Amino acid sequence: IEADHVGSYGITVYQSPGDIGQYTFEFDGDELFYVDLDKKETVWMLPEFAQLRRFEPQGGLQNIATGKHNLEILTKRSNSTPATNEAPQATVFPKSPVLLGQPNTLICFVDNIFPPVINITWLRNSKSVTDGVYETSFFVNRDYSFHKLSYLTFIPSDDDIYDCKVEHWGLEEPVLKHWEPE
Amino acid sequence: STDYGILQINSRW
Amino acid sequence: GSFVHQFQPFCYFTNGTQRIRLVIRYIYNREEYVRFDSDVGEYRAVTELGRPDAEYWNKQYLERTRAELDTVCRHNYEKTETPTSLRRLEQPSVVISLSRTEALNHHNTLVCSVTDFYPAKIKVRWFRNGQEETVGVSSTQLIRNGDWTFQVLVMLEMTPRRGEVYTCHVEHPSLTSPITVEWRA
Ligand SMILES: *[C@@H]1O[C@H](CO)[C@@H](O)[C@H](O)[C@H]1NC(C)=O
Ligand SMILES: *[C@@H]1O[C@H](CO)[C@@H](O)[C@H](O)[C@H]1NC(C)=O
Ligand SMILES: *[C@@H]1O[C@H](CO)[C@@H](O)[C@H](O)[C@H]1NC(C)=O
């Protein structure tokens, strides 16, 4: 299916057990927003967009409630066939060209995620990082698995080396994707 | 302006 | 272990709102069971799991769904994507760097890093002394950073000789005039 643009207004994913749900809007492959089911708010990736357009979160909640409902019905229909765990594959790359001393952002792109539950964290010199980390929601893939990206702000230097740690049910042990400047 | 989401339909029990 | 249900709507636009197609997928774990495709005109069962749904929905929700092509797809595009997504313009940063440490007359590769741009449409060309390079140019795929900007790396296989001028030439909608960056040996 070719086209100039593609808007996915209301991707709704629900998972059990755990009552895990996600509601997002994507435009041309990018995340417009996700609705925080707990806080009940529309969280826009580009905050400025929330000034020119708006979405009532209730629509998000409602669609999720229905997702939940159709999950029971479909689980029963398949005679409780569980989701197969896939092995997520991560790739680390810098946002901007690497320059000693110039602020940058390391991006961890994790693909083939399924089910949509995962932990993506950063290690700097083999130690966990907390600050300067941000993450996207799960993006849909043509094969119905998901992809997600994690972000780490950093300054390229001689002593610092990094790792993107991916922990998932389809992985026997957390995987580390190593990255160091040149 | 306001965004509208595509509606998901509830299956029958 | 667990069970997943996915509901994925898609509004495919061509020539703006001249042609809008609406595809709605209902999926259990990773199996799409029932799908509405406006090109088809009604819901359809992709697998056995969808029959209990297709049948009923075509009676009670057919017209309501079809109307979303206007109430949702077209409405969003004209009233919300228009002043935001479609108006977003981010200029590309362009910088050249050499792969291997310099040494005249020895083969090397120039790397043109074109980054932080939006939308995706872009043209990146390599010139050596005013002539456009073609065969020795290689490129990565368009990289989606996931933060509403893209990046792409275009390489040129070359041999730095004195007096030569290598130019990375970038054309993009956010630019009135091309951005060019030179590298001299
Ligand atoms: C589910 O179980 C029923 C009852 O035994 C069986 O007749 C049916 O064929 C099964 N269907 C699926 C999709 O597993
Ligand atoms: C993710 O992190 C939490 C907290 O450390 C842990 O309990 C959970 O098992 C981890 N793994 C997954 C796949 O969520
Ligand atoms: C889209 O634009 C024109 C004018 O609206 C339309 O008639 C034609 O089918 C399309 N042309 C191109 C070049 O896409």
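The basis for the numbers below is simple: all heavy atoms, side chains too, and nothing from hydrogens, waters or symmetry mates. Start at 1 and go down the list; that is how both ligands and their atoms are numbered. Numbered from 1 within each chain, the chains take letters A, B, ... in sequence-line order.
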query = Regarding C:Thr149 and C:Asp147, is there a side-chain donor-to-acceptor distance under 3.5 Å anywhere?
reply = yes

Can you find a protein heavy atom closer to atom 9 (O) of ligand 1 than 4.0 Å?
no

- Can you tell me if A:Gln89 uses its side chain to pair, donor with acceptor, with the backbone of A:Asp111 under 3.5 Å? no

Here the atoms of ligand 1 under 4.0 Å from any heavy atom belonging to A:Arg77 are 13 (C)

Could you check whether A:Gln58 and A:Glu56, counting side-chain N and O atoms only, form a donor-acceptor pair closer than 3.5 Å? no

protein heavy-atom neighbour closest to atom 3 (C) of ligand 2 works out as A:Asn119 ND2, 3.7 Å

among protein heavy atoms, the one nearest atom 4 (C) of ligand 3 is C:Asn15 ND2, 4.3 Å

re atom 12 (C) of ligand 1, the protein heavy-atom contact at minimum distance is A:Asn79 ND2, 3.0 Å

What verdict does the side chain to side chain donor-acceptor pair (under 3.5 Å) test give for A:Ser137 and A:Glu31, after you've listed the backbone C-alpha separation in whole Å, the side-chain angles of each residue and the deciding distance to 0.1 Å? CA-CA 8 Å; A:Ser137 298; A:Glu31 177 173 333; 2.9 Å; yes

Heavy-atom nearest pair, C:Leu49 first then C:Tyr33, reads CB-CB, 3.7 Å

(message) Under 4.0 Å from atom 14 (O) of ligand 2, can you find at least one protein heavy atom?
(response) yes

For A:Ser78, the ligand 1 atoms with a heavy-atom partner under 4.0 Å come out as 14 (O)

The protein heavy atom nearest to atom 7 (O) of ligand 3 is C:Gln18 OE1, 3.9 Å

Would you please indicate yes or no on a ring centroid separation below 6.0 angstrom for A:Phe49 and A:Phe27? no

**Heavy-atom protein neighbour under 4.0 angstrom from atom 1 (C) of ligand 3** = yes

Output for pair (A:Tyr34 OH, A:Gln22 CD), nearest 0.5 Å, gives 9.5 Å

Under 4.0 Å from one or more heavy atoms of A:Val117, ligand 2 contributes atoms 14 (O)

